[PDB]
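This is query32.pdb. It holds PDB, C-alpha atoms.
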```
ATOM      1  CA  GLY A   1      85.415 134.160 131.516
ATOM      2  CA  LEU A   2      83.777 135.372 134.718
ATOM      3  CA  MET A   3      81.554 137.986 133.057
ATOM      4  CA  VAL A   4      78.677 139.073 135.248
ATOM      5  CA  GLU A   5      75.981 141.732 135.438
ATOM      6  CA  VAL A   6      75.654 142.826 139.041
ATOM      7  CA  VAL A   7      73.353 144.911 141.142
ATOM      8  CA  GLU A   8      74.463 145.472 144.719
ATOM      9  CA  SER A   9      74.830 148.103 147.462
ATOM     10  CA  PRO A  10      72.111 149.348 149.887
ATOM     11  CA  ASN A  11      70.067 151.220 147.284
ATOM     12  CA  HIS A  12      67.590 150.794 144.434
ATOM     13  CA  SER A  13      70.647 150.912 142.167
ATOM     14  CA  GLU A  14      73.764 152.208 143.933
ATOM     15  CA  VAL A  15      76.427 150.015 142.290
ATOM     16  CA  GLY A  16      74.851 148.150 139.442
ATOM     17  CA  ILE A  17      76.686 147.814 136.265
ATOM     18  CA  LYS A  18      78.320 145.552 133.823
ATOM     19  CA  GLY A  19      81.104 144.088 135.907
ATOM     20  CA  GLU A  20      83.627 141.352 136.514
ATOM     21  CA  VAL A  21      83.415 138.529 139.069
ATOM     22  CA  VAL A  22      85.950 136.879 141.276
ATOM     23  CA  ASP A  23      85.504 133.789 143.438
ATOM     24  CA  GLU A  24      82.621 131.927 141.802
ATOM     25  CA  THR A  25      83.167 128.556 143.474
ATOM     26  CA  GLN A  26      86.224 129.371 145.607
ATOM     27  CA  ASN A  27      84.529 130.830 148.687
ATOM     28  CA  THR A  28      82.666 134.152 148.755
ATOM     29  CA  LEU A  29      81.565 136.199 145.748
ATOM     30  CA  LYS A  30      83.014 139.625 144.982
ATOM     31  CA  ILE A  31      81.794 141.628 141.996
ATOM     32  CA  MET A  32      82.606 145.110 140.710
ATOM     33  CA  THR A  33      80.337 147.080 138.362
ATOM     34  CA  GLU A  34      80.877 150.858 138.091
ATOM     35  CA  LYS A  35      79.735 152.713 141.200
ATOM     36  CA  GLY A  36      82.165 150.407 142.983
ATOM     37  CA  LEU A  37      82.837 146.862 144.140
ATOM     38  CA  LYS A  38      80.896 144.930 146.762
ATOM     39  CA  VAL A  39      81.524 141.595 148.468
ATOM     40  CA  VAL A  40      78.731 139.319 149.635
ATOM     41  CA  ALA A  41      77.764 135.690 150.188
ATOM     42  CA  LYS A  42      75.237 133.427 148.436
ATOM     43  CA  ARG A  43      72.626 135.591 150.183
ATOM     44  CA  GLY A  44      72.896 139.317 149.489
ATOM     45  CA  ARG A  45      71.898 141.777 146.759
ATOM     46  CA  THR A  46      71.026 140.413 143.314
ATOM     47  CA  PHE A  47      73.651 139.215 140.848
ATOM     48  CA  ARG A  48      73.630 137.161 137.611
ATOM     49  CA  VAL A  49      76.783 135.278 136.560
ATOM     50  CA  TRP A  50      77.957 133.937 133.206
ATOM     51  CA  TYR A  51      80.900 131.548 132.851
ATOM     52  CA  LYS A  52      82.507 129.661 129.959
ATOM     53  CA  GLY A  53      80.495 126.618 131.034
ATOM     54  CA  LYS A  54      76.964 127.697 131.937
ATOM     55  CA  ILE A  55      74.819 130.543 133.274
ATOM     56  CA  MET A  56      73.275 130.806 136.745
ATOM     57  CA  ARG A  57      71.350 133.460 138.687
ATOM     58  CA  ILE A  58      71.656 134.104 142.426
ATOM     59  CA  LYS A  59      69.343 136.366 144.428
ATOM     60  CA  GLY A  60      69.396 137.005 148.166
ATOM     61  CA  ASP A  61      66.194 136.816 150.199
TER      62      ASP A  61
END
```
So that I can check it, write out the structure of this file as structure tokens.
Amino acid sequence: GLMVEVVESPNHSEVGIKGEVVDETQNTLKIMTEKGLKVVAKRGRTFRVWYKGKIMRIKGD
């Protein structure tokens, strides 16, 4: 149930869309919205994730 809303990519809103997430607690975090898919670490771009357990928000810098 890795449903996430993600805003990433060097731009005010390059790839930000309703997207899916992979690797929530595995290692790194990769999310794809619409303009494309970007891969970053705990620190990078702004993403909000929703799982079948709880909801958390992670923002870089």
Inset, instruction - Tell me which residues the PyMOL selection byres ((chain A and resi 19) around 9) grabs here, as number ranges by chain. - result: A: 3-6, 16-18, 20-21, 31-34, 37
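Between residue A:36 and the candidates A:7, A:61, A:1, A:52, the tightest atom-to-atom separation, counting only C-alpha atoms, involves A:7.
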Legend entry - 8 Å contact set for residue A:58, all atoms listed in the file, chain neighbours under 2 positions out, as a VMD selection string: chain A and resid 42 to 43 46 to 49 56 60
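Across the model, the gap from atom CA of residue A:2 to atom CA of residue A:22 is 7.1 Å.
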Legend entry - Interatomic distance, atom CA of residue A:41 to atom CA of residue A:11 (Å, one decimal):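 It comes out at 17.6 Å.
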Inset, instruction - Mind checking which residues fall within 10 Å of residue A:35, counting all atoms listed in the file, ignoring those fewer than 4 positions away in the same chain, and posting them as a ChimeraX atom specification? - result: /A:8-9,13-17
Inset, instruction - Please return, as a ChimeraX atom specification, all polymer residues that have at least one atom within 10 Å of the point (79.0, 141.7, 153.2); use all atoms listed in the file and the file's own coordinate frame. - result: /A:9,28-30,38-41,43-45
